[PDB]
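This document opens with one chain alone, in structure tokens, the form deposited in one PDB entry.
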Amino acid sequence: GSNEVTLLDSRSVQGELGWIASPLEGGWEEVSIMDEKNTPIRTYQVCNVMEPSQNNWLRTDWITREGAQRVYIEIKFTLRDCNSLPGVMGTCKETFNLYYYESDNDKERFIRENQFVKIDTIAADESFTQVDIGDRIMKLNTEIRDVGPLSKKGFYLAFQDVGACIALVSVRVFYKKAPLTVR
């Protein structure tokens, strides 16, 4: 810990996180690809633009909130630019939906509480970096988001894909101190 340390990374863990979500089949899939490192890492890719309406429900575990009203999280994903696709079809979504899940340690499971809530829309660009890789991910997309509704607790990421081609590159969480010491 020279300066700051990360909460948890999908690559840092490598092993399963406790996934328990996915469509019937063809949608989200677990495939290992080559990363900047020699050793391969477990990733996920979901590409299906043959019918807009699919509501791919994906859950992410291994997360925790901090004191700060909110926390810092960085998700890395790669999607196939339809603009680069010569005659893709014209039925591909160029947007994503991010949701969260919060709850108490042990009180009750109210429909209101359980009722998830979207965070914001994430899409390629914004912070796209060009890396010389031979795996596939030619256009990496990085999105910075935060979450910290329920002060009591509750930390869970949720992904939703609808007729869109996007893959997960990596994910990391980190805490930041917005309120600095001011006397």
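When you see a residue number, it is the position in the sequence shown, counting from 1.
Quick note: we don't show the form deposited with a partner chain bound, though the next part is all about it.
*Asks:* Since only the chain is shown here, I'm wondering whether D125 would be in contact with the partner chain in the entry with it bound (any heavy atom pair within 4.5 Å).
*Replies:* No, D125 is distant from the partner.
*Asks:* Tell me, yes or no, whether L98 is in contact with the partner chain in the entry with it bound, where a contact means a heavy atom of each within 4.5 Å.
*Replies:* Result no; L98 lies far from the partner chain in the entry with it bound.
*Asks:* Using a 4.5 angstroms cut-off on non-hydrogen atoms, would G90 count as touching the partner chain in the entry with it bound?
*Replies:* Residue-level check for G90: no, no contact with the partner chain.
*Asks:* When the contact criterion is heavy atoms within 4.5 Å, does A167 count as touching the partner chain in the entry with it bound?
*Replies:* Residue-level check for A167: yes, a contact with the partner chain.
*Asks:* Based on heavy atom distances of 4.5 Å or less, which listed stretch (115-123, 65-73, 132-140, 145-153) is in contact with the partner chain in the entry with it bound?
*Replies:* Looking at the other structure, the answer is 132-140.
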